[PDB]
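J.:
2 protein chains.
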Amino acid sequence: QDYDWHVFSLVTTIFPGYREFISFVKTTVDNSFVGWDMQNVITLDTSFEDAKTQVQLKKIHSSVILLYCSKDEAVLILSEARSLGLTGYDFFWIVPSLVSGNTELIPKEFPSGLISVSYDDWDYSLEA
Amino acid sequence: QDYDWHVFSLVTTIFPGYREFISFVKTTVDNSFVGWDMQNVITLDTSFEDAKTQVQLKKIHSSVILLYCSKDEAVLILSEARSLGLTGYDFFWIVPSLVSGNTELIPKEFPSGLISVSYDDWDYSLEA
Numbered sequence: 163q164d165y166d167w168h169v170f171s172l173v174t175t176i177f178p179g180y181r182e183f184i185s186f187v188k189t190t191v192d193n194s195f196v197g198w199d200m201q202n203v204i205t206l207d208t209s210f211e212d213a214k215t216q217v218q219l220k221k222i223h224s225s226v227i228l229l230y231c232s233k234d235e236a237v238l239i240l241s242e243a244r245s246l247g248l249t250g251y252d253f254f255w256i257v258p259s260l261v262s263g264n265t266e267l268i269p270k271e272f273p274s275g276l277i278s279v280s281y282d283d284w285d286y287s288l289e290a
Numbered sequence: 163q164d165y166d167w168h169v170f171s172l173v174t175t176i177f178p179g180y181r182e183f184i185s186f187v188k189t190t191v192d193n194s195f196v197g198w199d200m201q202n203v204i205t206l207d208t209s210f211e212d213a214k215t216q217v218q219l220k221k222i223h224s225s226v227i228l229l230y231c232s233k234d235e236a237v238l239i240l241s242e243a244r245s246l247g248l249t250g251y252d253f254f255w256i257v258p259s260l261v262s263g264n265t266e267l268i269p270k271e272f273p274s275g276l277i278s279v280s281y282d283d284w285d286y287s288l289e290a
């Protein structure tokens, strides 16, 4: 909301905790007066099968995607979607802290520039 | 245009007459006022194994597809394209003669519903 991006479409794999995430994001959108244009949600029933996953990825007319999945699953999904043109100078992915794993293991399927919140690690030294 | 589809792509391959085919198509498109939407011109000519074919196949998103190939080239292209999903229930292929033979010798991998035009032999007999 702080950048005036009131439109998004999120895609979720079948990973523990998707129910709470989906329910919360559904409860917060309609209890807010910002006026979100929350578009279709996508749940990949079969992973990397392209039966319905491919058409599901194709039917994304928005620009901001709230992907939530595991690290390997996220890498695979980004690699698949890069060759579909869903990445560019205006294509904003945001992922939960789980995807933000190791601080020195950036894969080759990660586009240069993406936003993911995480717990403080650079500051708040262990002794403190 | 009689069915009012207008938007279409022009995926093809390397074969004699392809260049004049493309140029004539473009000139005929431009020299009228009905407003055809011209986009997604694909002229893959680098075998069928590299990433250029994959990205070219993924880029198209229209429902009207016009192909032009030579027999086995067309069948191989269609066998590759079916695995992407462009062969759903709302897509058309209007291949020009080429894969028509002189009988009902369609290849087994030709799915169904292929629109085509050809010379008449049943309303015109050799005796006439």
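Those sequence lines, one after another, are chains A and B.
For the first sequence, full-length UniProt numbering begins at 163 and goes up steadily by one.
For the second sequence, full-length UniProt numbering begins at 163 and goes up steadily by one.
The beta-carbon is built from N, C-alpha and C at its ideal position, and this holds for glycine as well.
From which residue to which residue does the alpha helix (DSSP H) around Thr190(B) run?
T.: Counting from one through the second sequence, the residue named residue 190(B) turns up at place 28. First-last of the alpha helix (DSSP H) with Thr190(B): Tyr180 to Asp192.
J.: Does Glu235(A) pass the burial test, meaning 16 or more other C-beta atoms within 10 Å, or should it be called exposed?
T.: Along the first sequence, read from residue 1 onward, the residue named residue 235(A) stands at position 73. Classification of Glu235(A): buried, given that the 10 Å Cβ count is 16 or more.
J.: Establish whether the CB of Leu206(A) and some CB of chain B are separated by less than 7 Å.
T.: To locate residue 206(A), count along the first sequence from 1; it is residue 44. Chain B contact via Cβ: absent.
J.: Checking contacts by CB at 7 Å: is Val203(B) closer than that to chain A?
T.: Against the second sequence, residue 203(B) aligns to sequence position 41. No, because no Cβ of chain A sits closer than 7 Å to the Cβ of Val203(B).
J.: Are there three or more Cβ pairs, one per stretch, closer than 8 Å when the region 223-239 of chain A is compared with the region 171-179 of chain A?
T.: Yes: the two stretches touch, three or more of their Cβ pairs being nearer than 8 Å.
J.: As a quick exercise: from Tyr230(B), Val169(B) and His168(B), pick the residue whose alpha carbon is nearest that of residue 146(B).
T.: The requested residue 146(B) does not occur in the structure, where chain B is confined to residues 163 to 290.
J.: Would you call the region 242-252 of chain A and the region 215-231 of chain A touching, i.e. three or more CB-CB distances under 8 Å?
T.: Touching, yes, given that three or more Cβ pairs across the two stretches are closer than 8 Å.
J.: Within the 7 Å Cβ cut-off, does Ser241(A) reach chain B?
T.: Sequence index remark: in the first sequence, residue 241(A) carries index 79 (1-based). With 7 Å as the cut-off, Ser241(A) does not count as an interface residue toward chain B.
J.: How big is the Cα-Cα spacing for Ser209(B) and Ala290(B)?
T.: Within the second sequence, numbered from 1, the residue matching residue 209(B) stands at position 47. Within the second sequence, numbered from 1, the residue matching residue 290(B) stands at position 128. So the alpha carbons of these two residues sit roughly 45 Å apart.
J.: Please classify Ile204(A) as buried or exposed, where buried requires at least 16 other C-beta atoms within 10 Å of its C-beta.
T.: Position 42 of the first sequence, counting from 1, holds the residue named residue 204(A). Per the 10 Å Cβ criterion, buried.
J.: For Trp167(A), which residues from the same chain have a beta carbon less than 6 Å from its beta carbon, with the 5 sequence-adjacent residues on both sides left out?
T.: Counted from its first residue, the first sequence places residue 167(A) at position 5. Cβ within range, chain order: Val226.
J.: When the distance is taken between beta carbons, is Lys220(A) closer than 7 Å to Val261(A)?
T.: One-based indexing of the first sequence puts residue 261(A) at position 99. One-based indexing of the first sequence puts residue 220(A) at position 58. No. Outside cutoff.
J.: Any chance the region 246-256 of chain B sits against the region 272-286 of chain B, with 3 or more Cβ pairs inside 8 Å?
T.: Yes, since at least three Cβ pairs between the region 246-256 of chain B and the region 272-286 of chain B fall closer than 8 Å, the two stretches touch.
J.: What are the partner residues of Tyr230(A), as DSSP defines its beta bridges?
T.: On the first sequence, position 68 is the one that residue 230(A) refers to. Answer by DSSP bridge pairing, in chain order: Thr174(A).
J.: Could you tell me the alpha carbon to alpha carbon distance between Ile184(A) and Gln163(B), rounded to whole angstroms?
T.: The residue given as residue 184(A) occupies position 22 in the first sequence. The residue given as residue 163(B) occupies position 1 in the second sequence. Rounded to the nearest angstrom, the two C-alpha atoms are 44 Å apart.
J.: Per DSSP, which residues does residue 132(B) bridge with? Please list them.
T.: Outside the displayed span of chain B (163 to 290) sits residue 132(B), for which this structure offers no information.
J.: Using the Cα positions of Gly250(A) and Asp285(B), report the straight-line distance between them to the nearest angstrom.
T.: The residue labelled residue 250(A) in the question sits at position 88 within the first sequence. The residue labelled residue 285(B) in the question sits at position 123 within the second sequence. Going by the C-alpha atoms only, they are around 55 Å apart.
J.: In chain A, what lies closer than 7 Å to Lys221(B) by C-beta?
T.: Here residue 221(B) is taken as the residue at index 59 of the second sequence, counted from 1. Those are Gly247, listed as they occur along chain A.
J.: Take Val169(A) as the anchor and find which of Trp198(A), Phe186(A) and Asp252(A) has the nearest alpha-carbon.
T.: To locate residue 169(A), count along the first sequence from 1; it is residue 7. The candidate whose alpha carbon is nearest that of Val169(A) is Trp198(A).
J.: Listing by chain order, which chain A residues have their CB less than 7 Å from the CB of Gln216(B)?
T.: Counting from one through the second sequence, the residue named residue 216(B) turns up at place 54. Those within 7 Å of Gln216(B) in chain A are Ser245.
J.: Taking the straight line between their C-alpha atoms, what separation do you get for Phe177(B) and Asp212(A)?
T.: Reading the second sequence from its first residue, position 15 is the one you call residue 177(B). Reading the first sequence from its first residue, position 50 is the one you call residue 212(A). Computed Cα separation, rounded: 31 Å.
J.: Note down the Cα distance separating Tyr281(B) from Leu206(A), rounded to an integer number of angstroms.
T.: The residue you call residue 281(B) lines up with position 119 of the second sequence. The residue you call residue 206(A) lines up with position 44 of the first sequence. Those two C-alpha atoms are separated by around 47 Å.
J.: Can you tell me which residues form a DSSP beta bridge with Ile204(A)?
T.: Against the first sequence, residue 204(A) aligns to sequence position 42. Per DSSP, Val173(A).
J.: Under DSSP, the alpha helix (DSSP H) around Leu219(A) begins and ends at which residues?
T.: Locating residue 219(A) in the first sequence gives position 57, where the first residue counts as 1. Run containing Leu219(A): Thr215 to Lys220, per the alpha helix (DSSP H) assignment.
J.: With distance defined between alpha-carbon atoms, name the residue in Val187(A), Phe272(A), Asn264(A) and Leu288(A) nearest to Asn202(A).
T.: Walking along the first sequence from the start, residue 202(A) turns up at place 40. Nearest of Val187(A), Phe272(A), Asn264(A) and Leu288(A) to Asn202(A), Cα basis: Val187(A).
J.: Is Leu248(B) buried or exposed, if buried means 16 or more other CB atoms sit within 10 Å of its CB?
T.: In the second sequence, the residue the question calls residue 248(B) occupies position 86. So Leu248(B) counts as buried.
J.: Whose Cβ in chain B lies nearer than 8 Å to the Cβ of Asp212(A)?
T.: Mapped onto the first sequence, residue 212(A) falls at position 50. Residues of chain B passing the Cβ test: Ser245, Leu246 and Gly247.
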